[PDB]
**Q** 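Before we start, here is the structure in question, set down as structure tokens.
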Amino acid sequence: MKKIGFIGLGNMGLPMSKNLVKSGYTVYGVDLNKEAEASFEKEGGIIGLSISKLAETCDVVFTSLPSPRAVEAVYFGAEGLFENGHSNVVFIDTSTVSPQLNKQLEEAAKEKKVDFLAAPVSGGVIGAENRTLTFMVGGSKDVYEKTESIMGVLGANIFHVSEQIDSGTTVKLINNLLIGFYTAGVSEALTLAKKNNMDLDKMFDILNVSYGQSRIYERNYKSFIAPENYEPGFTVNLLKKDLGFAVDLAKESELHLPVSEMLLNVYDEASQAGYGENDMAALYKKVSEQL
Amino acid sequence: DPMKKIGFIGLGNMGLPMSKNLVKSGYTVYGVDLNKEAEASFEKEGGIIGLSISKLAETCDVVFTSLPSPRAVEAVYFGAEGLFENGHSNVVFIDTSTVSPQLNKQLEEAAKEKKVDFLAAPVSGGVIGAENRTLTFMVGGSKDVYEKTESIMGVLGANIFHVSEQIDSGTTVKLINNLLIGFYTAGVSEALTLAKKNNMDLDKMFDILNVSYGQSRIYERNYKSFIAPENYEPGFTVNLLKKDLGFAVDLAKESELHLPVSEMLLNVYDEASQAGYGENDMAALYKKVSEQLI
Ligand SMILES: NC(=O)c1ccc[n+]([C@@H]2O[C@H](COP(=O)([O-])OP(=O)(O)OC[C@H]3O[C@@H](n4cnc5c(N)ncnc54)[C@H](O)[C@@H]3O)[C@@H](O)[C@H]2O)c1
Ligand SMILES: NC(=O)c1ccc[n+]([C@@H]2O[C@H](COP(=O)([O-])OP(=O)(O)OC[C@H]3O[C@@H](n4cnc5c(N)ncnc54)[C@H](O)[C@@H]3O)[C@@H](O)[C@H]2O)c1
């Protein structure tokens, strides 16, 4: 049973790396935050090894990192994964970064002759905890096929999008752009409904079998709005960061997406008003403030 | 309880097929429209014409209205020759028009003064939905009256819903339904243009998003029935979506509410119409945004 490396043991990485240990893998963990390392260790993971030592020793190494800088700091340079990867290693980045960085990563992997997949994930911490993540994978199909079963203990839907390394990332950004639209629509629509004294429960039962339906509507309303609980979940701040990546790509693709750009501002304002660390469904509360 | 004699005022885009479906369903239907061709077409199927609004109110068990505006509704319901002043003591009036919550309330206040029954039951689904009896009825008003008339409305639609005893509740839910459509069509249109611009396989992408939190009935509708096959025949026009968005925005502004994205969407669909997509399906907002592709 394989040796897996896991770099980034935060909100997503901790439950993912824990699940691998529970699944019977020997898991070596690295995180800048020694407390995160402590938590992973208590789950049965092994700490104390360098990023470089993970690259030399592990069959597959996953990364779950919070920014493009962090991904760059881990993959590149004399101490990083690509320079130190043994000849059979597979690296799988689950971080969300720009398509361009996906390409820069792949180009360094091809130069070192190591395997690399850009496999961003969807489903949040709840999905990570429950092994129901969606993996959207760009990169070599042979590498996908040989690591599909490991990713399959972490997620419920494992997809290969195409051989293009940024194909996963792109579908993910699209997914999250749609989420931004759906959350905004629910937030504004329900505010109108409430101001006019609608029973939001009866309304949902009707709209949920109409063209008003969306999984996000069901999520936001049933799991947050109805129970008056805005504990993340998936933050206003994280959604706005993803919308940022999507608008960046739109701008690089010479596209003006007027409602998308407005939404970036909507979530940015929700944050600046103090809902940044609330669940995205709290956009409802932000829009309702005026009542 | 007798529900054989049905009046139907407004034999237009929706009324004509609805009224004929009532005839086909064994009801004795008395129809009224300014449009003599519409009256003749109805009569030709076994509809009865030549009776006044007044006469329908006096003699019919239930009278439906399908009218094009608030003023048309007012002209039919109020005044000496109208429905309320001439309704017999057991009549039920059902308006299937879309008007403001405020008019729904004024209609009901007049119904209560006259001690007649009234439901505000706006329909959605277009001409084809009316023909195929797949309309949605979203109904506000008395539950007892709803329970009494559900069986008739049900021969005309697939989804018949009683929302609440608030007379405007059906209208309000209809408006919210259409507002969510506006958002969802906008997201699909913008998000797929981004995907297309970056050469994504839109079929594969749908397979993935349709079982992820990108999922919506509108995404399935717009993508599989319109965008994928490059068909932009309505369906549900840009122009009619934006009319209903306008009504949602009017209701908001009435309630002192600022809904910035909603107001922005009203303008997006107005610009889409101005660019030439007004009588296309709403899914054509994708083609509007896609004008930016190479
Ligand atoms: N949290 C979610 O709901 C969610 C959902 C889908 C995708 N994601 C994506 O997953 C990625 C990780 O997200 P997260 O929520 O777990 O972030 P997080 O900030 O909770 O965790 C990231 C971890 O990486 C560690 N780290 C940072 N730089 C490092 C370095 N050089 N070496 C080692 N460790 C380093 C941090 O200490 C932190 O513990 C992000 O790209 C995010 O977009 C998150
Ligand atoms: N067209 C659609 O696709 C559609 C779909 C769903 C809902 N609706 C709604 O249903 C309602 C009716 O729409 P429509 O397209 O059928 O309108 P329309 O203009 O085709 O039909 C209304 C009919 O009422 C008649 N009329 C007007 N005033 C009258 C009067 N005083 N006496 C007798 N007849 C009169 C007109 O001659 C016309 O035939 C509107 O409120 C609209 O918003 C329309």
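Every chain is numbered from 1 and lettered A, B, ... according to where its sequence line falls, protein lines coming before strand lines.
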**Q** Shorter than 4.5 Å, heavy atoms on both sides: which option in B:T193, B:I218, B:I208, B:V289 has the most such pairs with chain A?
**A** B:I208
**Q** Among side-chain atoms of A:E277 and A:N237, is any donor-acceptor pair under 3.5 angstrom?
**A** yes
**Q** Looking at A:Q290, I'd like to know if its CD atom is crowded, meaning that more than 12 non-hydrogen atoms belonging to other residues, nucleotides or ligands lie closer than 6.0 Å.
**A** yes
**Q** With a 4.5 angstrom heavy-atom cut-off, could you sort out which part of B:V261 is near chain A: side chain, backbone, both or neither?
**A** both
**Q** A:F159 versus chain B, heavy atoms under 4.5 Å apart: side chain, backbone, both or neither?
**A** side chain
**Q** For a quick test of reading the model, state the closest non-hydrogen atom pair linking B:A121 to B:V139 and the distance between them.
**A** CB-CG2, 3.7 Å
**Q** ring-ring contact (aromatic ring centres under 6.0 Å, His included) between B:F206 and B:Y219: does it pass, once the steps are laid out?
**A** CA-CA 8 Å; B:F206 176 84; B:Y219 182 14; 5.1 Å; yes
**Q** Who among B:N159, B:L251, B:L179 has the most heavy-atom pairs with chain A under 4.5 Å?
**A** B:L251
**Q** Tell me which of these, A:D166, A:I179, A:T134, has more heavy-atom pairs under 4.5 Å with chain B than the rest.
**A** A:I179
**Q** For the pair A:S253 (side chain) and A:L255 (backbone), establish whether a donor and an acceptor sit closer than 3.5 Å, ignoring hydrogens and angles.
**A** no
**Q** Are A:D201 and A:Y221 linked by a side-chain donor-acceptor pair shorter than 3.5 Å?
**A** yes
**Q** Counting only non-hydrogen atoms closer than 4.5 Å, does B:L175 touch chain A with its backbone (N, CA, C, O), its side chain (CB onward), both, or neither?
**A** neither
**Q** Return yes if a side-chain donor-acceptor contact under 3.5 Å exists between A:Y211 and B:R217, otherwise no.
**A** no
**Q** Checking heavy atoms, do the side chain of B:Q166, its backbone, both or neither come under 4.5 Å from chain A?
**A** side chain
**Q** Counting only heavy atoms closer than 4.5 Å, note whether B:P101 contacts chain A via side chain, backbone, both or neither.
**A** neither
**Q** I need the residue from B:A248, B:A252, B:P260, B:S262 with the largest number of non-hydrogen atom pairs under 4.5 Å to chain A.
**A** B:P260
